[PDB]
Amino acid sequence: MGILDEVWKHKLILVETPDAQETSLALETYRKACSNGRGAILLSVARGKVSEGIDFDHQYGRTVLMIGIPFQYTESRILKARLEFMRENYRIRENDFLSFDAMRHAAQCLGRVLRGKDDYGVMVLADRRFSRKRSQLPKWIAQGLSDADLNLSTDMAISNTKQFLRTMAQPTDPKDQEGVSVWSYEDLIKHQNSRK
Amino acid sequence: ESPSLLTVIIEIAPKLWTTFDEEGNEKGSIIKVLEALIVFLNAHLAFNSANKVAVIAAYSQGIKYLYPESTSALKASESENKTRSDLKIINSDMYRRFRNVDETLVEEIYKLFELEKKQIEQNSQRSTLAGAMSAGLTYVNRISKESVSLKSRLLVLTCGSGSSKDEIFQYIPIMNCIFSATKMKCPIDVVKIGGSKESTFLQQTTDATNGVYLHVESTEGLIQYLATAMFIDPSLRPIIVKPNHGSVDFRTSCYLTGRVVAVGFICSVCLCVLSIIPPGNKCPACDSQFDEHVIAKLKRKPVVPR
Amino acid sequence: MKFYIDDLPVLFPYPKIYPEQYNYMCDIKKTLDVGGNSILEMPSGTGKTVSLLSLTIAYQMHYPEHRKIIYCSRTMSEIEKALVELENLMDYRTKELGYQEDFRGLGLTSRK
Amino acid sequence: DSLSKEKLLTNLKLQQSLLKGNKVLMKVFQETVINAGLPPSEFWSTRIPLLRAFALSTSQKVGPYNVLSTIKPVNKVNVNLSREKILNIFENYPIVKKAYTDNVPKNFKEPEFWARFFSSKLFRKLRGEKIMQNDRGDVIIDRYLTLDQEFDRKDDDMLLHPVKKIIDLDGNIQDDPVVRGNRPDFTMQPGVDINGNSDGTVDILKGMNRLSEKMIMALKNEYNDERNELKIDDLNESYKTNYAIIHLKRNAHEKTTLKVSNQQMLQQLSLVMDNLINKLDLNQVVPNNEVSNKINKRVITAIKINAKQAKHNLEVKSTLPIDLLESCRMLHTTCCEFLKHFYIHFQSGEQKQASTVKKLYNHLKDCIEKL
Amino acid sequence: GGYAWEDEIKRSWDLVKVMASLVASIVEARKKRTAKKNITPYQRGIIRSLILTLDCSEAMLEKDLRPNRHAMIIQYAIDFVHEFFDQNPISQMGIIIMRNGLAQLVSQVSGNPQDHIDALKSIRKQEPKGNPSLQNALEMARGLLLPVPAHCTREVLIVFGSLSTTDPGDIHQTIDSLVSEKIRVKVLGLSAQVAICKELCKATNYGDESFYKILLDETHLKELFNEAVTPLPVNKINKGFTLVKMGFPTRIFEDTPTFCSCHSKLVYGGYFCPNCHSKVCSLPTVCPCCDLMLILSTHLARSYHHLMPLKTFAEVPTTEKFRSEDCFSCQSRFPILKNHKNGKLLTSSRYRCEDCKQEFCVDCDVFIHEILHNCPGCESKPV
Amino acid sequence: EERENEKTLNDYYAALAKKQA
Ligand SMILES: [Zn+2]
Ligand SMILES: [Zn+2]
Ligand SMILES: [Zn+2]
Ligand SMILES: [Zn+2]
Ligand SMILES: [Zn+2]
């Protein structure tokens, strides 16, 4: 349908490959295209090789496009065996464990974008069923998720991203971050004295 | 048509004016230039109904404001304005718009003279003229932003009298005033009374701000000089030619020597002007240590066959 | 920097420290002193690997038990990242103490 | 490189193209070097940035990009081909240029070749379309399909190199050599057909990924790091400015090419104060009708001088005829050029160029004779 | 569990829920001047060679800046050239656009503002298109800044509103070449923080990350321009401490038009070169006979003020006894500005100067600190 | 016309190439 032709204009498109050598070549190609400002998009498995271990810090990850919930194949008999044993022994509901595993894969994908507090990047989640799963989220992720973003369409999400990237492109005030987001030795000593 | 603002900078220095009195055949020349200024201000206020006047004197120990009077007037014993302590200096049948401004300014003149007499024991080596028209432009912008428009113009009543030469500290603030006046399109008019024919910085000030310079030598008949040439309002500036016959070269003095400069050198850091290569291969201003290669290239001899 | 948590000299290899990192170090030292299991999520962004490595090297060197340290990751990408952070931390500790102390640290993977 | 001054001075074809393009500089070179006998290196020593700009206007090239993604038809369908698009096709896709070399000058013309390629399956594979069997394709371009797979294999061979352990996913799958759990299902696996063979979309994924890798490695031409990558710059100290600070001293020298005491200051002050106290007749400023005439004469003479100077101040019209005006203008131009070169060689202070200085002096003397 | 219509009315009239108003703005004023309280004389680049790189692309057709990006950037560049020549006249300026994947040099490097303004208004007519490439623009800037002398600073400004660059070669080699050639780069992006531009600003400007600036609104863009006109402070390790030979021409006056040495055209005025007696049209320009930087005193005069930056005027405490009722430089009565009888006296509008102990009002402060560059209080002091 | 000018220019460059070689 020609979407990817329009994507080729802006960013170089990289796709995860079952050949892990080709996948790593695509990964280093992606990192090179992010480094020189060519711009690149990576399409990956949320439960795959790139999802684990590989971190997209700084320019390597700026927008994390989460297309859908990475649910496992429910009709796979092994997963039904998992759910039956968890429900029988550990009293864990089937939908609870299914959602938990899917969003924990989602969360391990989301956690690869930030390294340092100077790092910035959005975690956009594109599915209608993420809206009910904020209470399960990681607590640092959950505090960053506002009530207004629980159910957005494309356009105001795009405007929010545009305003956000205009905001974090501004140089922050060191006095705003001198002792509340990072401590020096003196701030740490002062807080140790305050705790004592 | 459009009213303007006549800001005037008066240079009062007892040494300068008294050396003018000694060089001249008369004593009390500043009375003559003072009454000439007064009738000039009356002529300016006769020019339009809504034009305004500011006059500022630059005495030895600082500067003081002459018209309009300081806002400490509170209709008290220290009001010092209107009928309060209205000492009869000018006639009371004067036009009241002229009467108030002239009486106020002459009372301020006498007060400044009393204050300067009280501090006659200390002789200032620093001239406060440059800061004076700096504050003149500051009040010009005050009037321009408060009143919405209005033109503006500066008159400079300076005096050399063959005693004070062209000072070195009067370089930077004068051009700061030049750029400020060029920003608000304020012409700068300078008349110099004294034996010193040429004042280079003030000539550049008049030339670069579309003003008029006229050096004068006799205190008599100066209102002819003023109301003939110094009355070019900013409303009719482009349609009136200027009697500024003196042509300034827009040059400068060298730093370590002081003479008028020719094709020469500058520091590429402190950018002061040097007629010759300074000794020690270091800057006299910012002490910038210089590359020997580049000054060898400037000390390098032009070539011709034998 | 070099600071104290209880009686533990901690040689942090950065001139600054996050508050979440220091509370994390307090909790980890409490867990090690008590002993047992613990589950803690340290948010990504903030330095996680180097903070654990710093507290474990301080705990192993300072405490007279000198228990060895076991660090289990999921891929040798992360193991190599941990080894690099450990190289930086040991370089900092050698610089601050003035000497290279007796220490052995390697990652483990397959023959391939 | 080719942008050095000695390369710009010796580039005769660049000067040829510049004088074919330029007209006023062409006339300057015609009436300065050709007629008056100026050396051409002397002419081009002063115009090095102009030669550099003219060279760099055509020397630069655009970045590599997916040219075949931009190609799209618009029954009759028309696609517009530019020469830059053809060159991008040749550089980005060596198979198309390989077919072009042995197809176009031998059997059939270039538009026929491009229409055959656009009707062929090789275009669909290179664009990334999954290959269909019901399409007829073009047989001539379909003979190059096997050699296209050969180029694919060669590019995959040469593109492969050992990556660092930070991004070693081939390591990640081989951390345990004898890991053997339950196999991934068809959702975790590439799609297969009813028989079991692949549907071919992994082929288009490999093709586009190889295209992206080719675009990245195309930038690699003549045109410890892990410690820096794992270092957290945010926890490090902020950058401190090492900008220079100067202190300026205003102790300059006075401009070089009567002392009176405080007693007469006080008496002159008292004279002014009581002359202010008693009376100022403001009518005393009126001149005696004699000094007024002299000062008026001074003012009118100054006005006359300033008006005569400022009466006359795109170039202005001249009384000379346009032939004489052009001759005078071009003689002034070659005067300025010869003076430029003479002062450049004269102030550049080399005894080795003294002969050139002498020749420029003789040219200036002959140009004085011409004046 | 119903439709959106069957719930309630919006209650928009009740949505609006409803002397110390002085302090709510003046403490914001203190917070704004808190960032500006640090001042010291930095040695800055005085003789400048700026390359203004212009994005001319489809991203310049974006409907976020009025009416497009292209017209606002081209008119603000006209304004920038005018104000920069009004503040740094002795500099030499080259203008380049980035259009259709090739860096198109639209004007040579020159000291003439008018030719550059003509080039900008010529580019104003055309339609921005193509995919921008940074590396072409930096290589062109490297070429054009090659004849720049050692004393003259090599500086490049880029307005890169796009987010991706498609370069023919490796841009990091170009970055290393620019750092090796001591070319300082400031980049003014319009959309986001492009990482290659961040690395370029960090590497070319000696580890400083403050040279990559992104606007926030319409006015902040003009803020970016009018603090971009300022001379950049040079690093301590930079040793280009040279003497520069230039002369002072005199304004020739003649009723007969004569051929100027630069244009071969009839100009009544002119400036005779002190080295070789050659006339030119404009100043400051090089003499095209003996290669002499012909100037005026006004051109260096425009640049003295950067070398003498005024210390910020410190507003007096309201508690301390005020020196006078009126201001010093304009003698406006200082407003009593008492909040209430219980609200007492706040925000005393008197701005003291530390070198002269003279109070100034707010208008005097915001006039003396950028338009003037002298303190009249520091000058009334008889030193 | 500039045709004769470029023809004489080409002749001059050909003579210069003959002299240089
Ligand atoms: Zn210096
Ligand atoms: Zn000219
Ligand atoms: Zn000359
Ligand atoms: Zn004021
Ligand atoms: Zn002061």
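Residues numbered from 1 in each chain as written, not as in the entry; some residues may be left out. Chains lettered and ligands numbered in written order. Part of a larger assembly, values for the part shown. Heavy atoms only, no water.

- Chain E appears in the PDB entry as General transcription and DNA repair factor IIH subunit SSL1 from Saccharomyces cerevisiae.
- Listed under Subcellular location in UniProt, the entry text for chain E is "Nucleus".
- Annotation of chain E in UniProt includes, under Sequence similarities, the sentence "Belongs to the GTF2H2 family." (UniProt positions renumbered as here; feature names shortened; annotations may be inferred.)

- Within the PDB entry, the label attached to chain C reads General transcription and DNA repair factor IIH helicase subunit XPD, and the organism entered is Saccharomyces cerevisiae.

1. A word on the pattern of salt bridges
Okay, step 1: Following the criterion strictly, the structure yields 63 salt bridges over all chains and no others.
Okay, step 2: Notably, a salt bridge pairs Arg 300 of chain B with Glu 350 of chain D, separated by 2.5 Å at the nearest N-O pair. Highlighted residues: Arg 300 of chain B in the segment after α8 (292–298) and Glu 350 of chain D in the loop between α18 (322–347) and α19 (354–370), drawn from two different chains. (Salt bridge = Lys/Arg side-chain N within 4 Å of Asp/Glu carboxyl O. Helix = DSSP H or I, 4+ residues; strand = E, 2+ residues; numbered from the N terminus.)

2. Topic: the interface of chain D and chain A
Okay, step 1: The interface of chain D with chain A comprises 35 residues on the first partner and 36 residues on the second.
Okay, step 2: Note on chain D versus chain A: buried area summed over both sides is about 3,200 Å², and carbon and sulfur give 65% of it.
Okay, step 3: For chain D, the biggest contributors to the area lost against chain A are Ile 167, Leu 169 and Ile 216 of chain D; these three give 19% of the whole.
Okay, step 4: One salt bridge connects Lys 206 of chain D with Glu 22 of chain A, and the closest N-O pair in it is separated by 2.5 Å.
Okay, step 5: For the pair chain D and chain A, the interface holds 11 residue pairs in polar contact.
Okay, step 6: For the side of chain D that touches chain A, the elements supplying multiple residues, two or more each, are α13 (169–173) and α14 (201–217) of chain D. (Contact = heavy atoms within 4.5 Å. Buried area = accessible area lost by both parts, 1.4 Å probe. Polar contact = N/O pair within 3.5 Å; in protein donor to acceptor, adjacent residues only side chain to side chain.)

3. Let's talk about the coordination of the zinc ion (ligand 5)
Residue and element names in this part refer to chain E.
Okay, step 1: Those protein atoms acting as donors to the zinc ion (ligand 5) are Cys 353 (SG), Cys 356 (SG), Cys 375 (SG) and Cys 378 (SG), and they sit at 2.3 Å.
Okay, step 2: Viewed at the metal, the four donor atoms of the zinc ion (ligand 5) are separated by angles of 106 to 114°, and the geometry they form is tetrahedral.
Okay, step 3: Written as a sequence motif, the donor arrangement for the zinc ion (ligand 5) is C-x2-C-x18-C-x2-C. Placement of the pair is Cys 353 in the loop between β15 (351–352) and β16 (359–360) and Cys 378 in helix α10 (residues 376–380), with a sequence separation of 25 residues.
Okay, step 4: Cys 353 sits in the buried class, given a relative accessible area of 4%.
Okay, step 5: Overall, the relative accessible area of 26% leaves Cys 378 in the partly exposed class. (Donors = N, O, S within 2.8 Å, 3.2 Å for Na, K, Ca; no water. Tetrahedral: all angles 85-135°; square planar, octahedral: opposite > 155°, others 65-115°. Buried < 20%, exposed > 50% of the residue type's maximum accessible area, 1.4 Å probe, protein only.)

4. Examining the UniProt feature "domain: VWFA" in chain E
Okay, step 1: UniProt annotation of "domain: VWFA" refers to residues 49–228 of chain E when read in the numbering used here.
Okay, step 2: For residues 49–228 of chain E, the end-to-end C-alpha separation is 13 Å, with 41% helix and 23% strand making up the annotated structure.

5. A look at a negative patch on the surface
Okay, step 1: On the surface, a cluster of negative charge is made up of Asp 217, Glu 218, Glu 223 and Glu 227 of chain E.
Okay, step 2: The residue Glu 223 of chain E is located in helix α7 (residues 218–228) in this model. (Patch = residues over 30% accessible without salt bridge, like charges linked within 9 Å, V, L, I, M, F, W, Y side chains within 5 Å. Areas by Shrake-Rupley, 256 points an atom, 1.4 Å probe, with all protein chains shown as cover. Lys, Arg positive; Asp, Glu negative; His and termini not counted. Charge placed at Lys NZ, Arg CZ, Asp CG, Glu CD.)

6. Structural notes on the state of the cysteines
Okay, step 1: All told, the structure shown has zero disulfides over all chains when counted by the stated rule.
Okay, step 2: Considering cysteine sulfurs only, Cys 186 of chain B is the nearest to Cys 177 of chain B, which forms no disulfide, with 10 Å between them.
Okay, step 3: In this model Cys 56 of chain E remains outside any disulfide bridge; the closest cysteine sulfur is found in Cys 197 of chain E, 17 Å from its own. (Disulfide = S-S within 2.5 Å.)

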